[PDB]
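Accompanying notes for the structure given below.
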């Protein structure tokens, strides 16, 4: 889906997916119940904000919604909502994830490493298990993919739903994510087979400002490979 | 918390039933309770609706036992399957004085995470040592669904994950652990009695 990464004090422009009626905006944070921010009018274009929310914080116009003064607590998942024309229910279209930090120096690309199956696991269960792990990446936005012989295999693969944190009790701490691919032992014993673990990472854009010395954490694909061993 | 879900995380085997508890607080005579399913892709999907005045709602394998007296609304997934694994949210719509004029807020609970446990036919739990291809990790796999993998005191220990062989019709549980290191001493806790480690 869409991933947005901004710095404290900057602005973030949120896009809405579902395409009549009243459009609602919800905010979901980890460990916290999803709440409503505001809702906007199609006809009168009147904007109504909830209780406790100061005006000028969220801008809404025909569908995009703009955030103005960002802080670290603006992080979390933003949904756009509407009620059905016929049945009564609330539909959420958006998959948008937003993360905000004091400095963009906290942003790092992932380090991808592929590990070869054990001779013990081949001899015992007669199945080879390949594991890939992406380490030291911030923010949380990453997509891992397994590729065999130029094609992506969704079969026999397992990836951790929630990436573990490397430094506990830390807000800006980098993360780590592991994924596994299990194939037949006979498949791994064939050297003609190419196993590639590709991790897509979404970093800072071209319009973002990078003051620091190291390489700019732009959106990139970090990959690692492995080959089959017969003996 | 207006709406309340006591259950943080629930774990139940496949082809079984799981009941997700939800309670609400409202002063209104007429209202609506909703149940949503949040995917790891962060997509909120509608499941079933329960009205203030309605019979107990049943849609597919999703059934809810409604108690108006105790303000309890409980979602029950009848026949569990692997795809059913997600975080479920209980939501309560409250009407304006005149109606439900499409302005209505839906109050969400913190959600209940549901982890379905795959069926292990012939488990043989073992810890394997995997060497890096590039230079110089330990996985605990093929273990029964009942045993849960716990993070070591530290050492990075991953939570368990379900792997499905489509061609071999084979399903297994796998958990990996590593640090910058013995495999047997890697897991401080979580303890099967059969180990090839």
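Chains as they are written, first to last, in our numbering: chain H, 1 to 231; chain G, 1001 to 1197. Quick reminder that beta carbons are idealized off the backbone N, C-alpha and C, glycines included.
At a cut-off of 4 residues, not a single continuous stretch assigned as alpha helix (DSSP H) sits fully inside the region 206–230 of chain H. With the criterion set as a beta carbon lying under 9 Å from some beta carbon of chain G, the members of the region 34–60 of chain H are 34, 35, 36, 39, 48, 50, in sequence order. Assigned with DSSP and collapsed to three states, residue 1046 (chain G) falls in strand. A distance below 8 Å between beta-carbons, with the five flanking residues on each side excluded, links residue 1021 (chain G) to the following residues of its chain, in chain order: 1005, 1006, 1007, 1072, 1074, 1112. Going by DSSP, residue 122 (chain H) is part of the alpha helix (DSSP H) stretching over 119–124. Proximity of residue 226 (chain H) to chain G, defined by a Cβ-Cβ separation below 8 Å, is satisfied. Residue 1105 (chain G) and residue 35 (chain H) have their alpha carbons spaced roughly 9 Å apart. Proximity of chain H to residue 1163 (chain G) at the Cβ level (cut-off 9 Å) is accounted for by 129, 156, 157, 158, 180, 181, 182, in chain order.
DSSP places residue 73 (chain H) within a helical segment (H, G or I) once states are collapsed to three. Cβ neighbours of residue 1029 (chain G) within its own chain (closer than 8 Å, five residues either side excluded): 1052.
Of the candidates G:1080, G:1100, G:1142, G:1100 places its Cα closest to the Cα of residue 83 (chain H).
With a threshold of 8 Å between beta carbons, residue 1023 (chain G) makes no contact with chain H. Looking from the CA of residue 1187 (chain G), the closest CA among G:1137, G:1018, G:1056 belongs to G:1137. The DSSP-derived three-state label of residue 1082 (chain G) is helix. In this model, residue 60 (chain H) and residue 95 (chain H) are separated by some 18 Å (Cα to Cα). In the three-state scheme derived from DSSP, where H, G and I count as helix and E and B as strand, residue 1143 (chain G) is classed as coil. For residue 105 (chain H), the three-state secondary structure derived from DSSP is helix. For residue 115 (chain H), the nearest CB of chain G lies under 8 Å from its own CB, placing it at the interface with that chain. Residues of chain H whose Cβ lies closer than 8 Å to the Cβ of residue 1158 (chain G) are, in chain order, 160, 164, 178.
Closest in alpha carbon position to residue 210 (chain H), among H:69, H:81, H:103, is H:103. The continuous beta strand (DSSP E) containing residue 1035 (chain G) extends over residues 1032–1038. Distance from the CA atom of residue 1023 (chain G) to the CA atom of residue 164 (chain H), rounded to whole angstroms, is 31 Å. Residues of the region 1047–1064 of chain G with a Cβ closer than 8 Å to any Cβ of chain H, in chain order: 1049. By the C-beta density criterion, residue 1037 (chain G) is buried, having at least 16 other C-beta atoms within 10 angstroms. Between residue 110 (chain H) and residue 142 (chain H), the gap from beta carbon to beta carbon is short of 8 Å. Pairing residue 1173 (chain G) with residue 1152 (chain G) gives a Cβ-Cβ distance that is not under 8 Å.
Proximity of residue 83 (chain H) to chain G, defined by a Cβ-Cβ separation below 8 Å, is satisfied.
Along the region 1119–1132 of chain G, the positions whose C-beta sits under 9 Å from a C-beta of chain H are 1124, 1126, 1128, 1129, 1130, 1131, 1132, read in chain order. Note: residue 1098 (chain G) is not bridge-paired with any residue in the DSSP secondary-structure output. Boundaries for residue 1076 (chain G): no alpha helix (DSSP H) harbours it, while the beta strand (DSSP E) harbouring it runs 1072–1077, taken from the DSSP string. According to DSSP, residue pairing for residue 1091 (chain G) in a beta bridge involves G:1034, G:1108. Taken atom to atom, the span from the alpha-carbon of residue 33 (chain H) to that of residue 153 (chain H) is near 35 Å.
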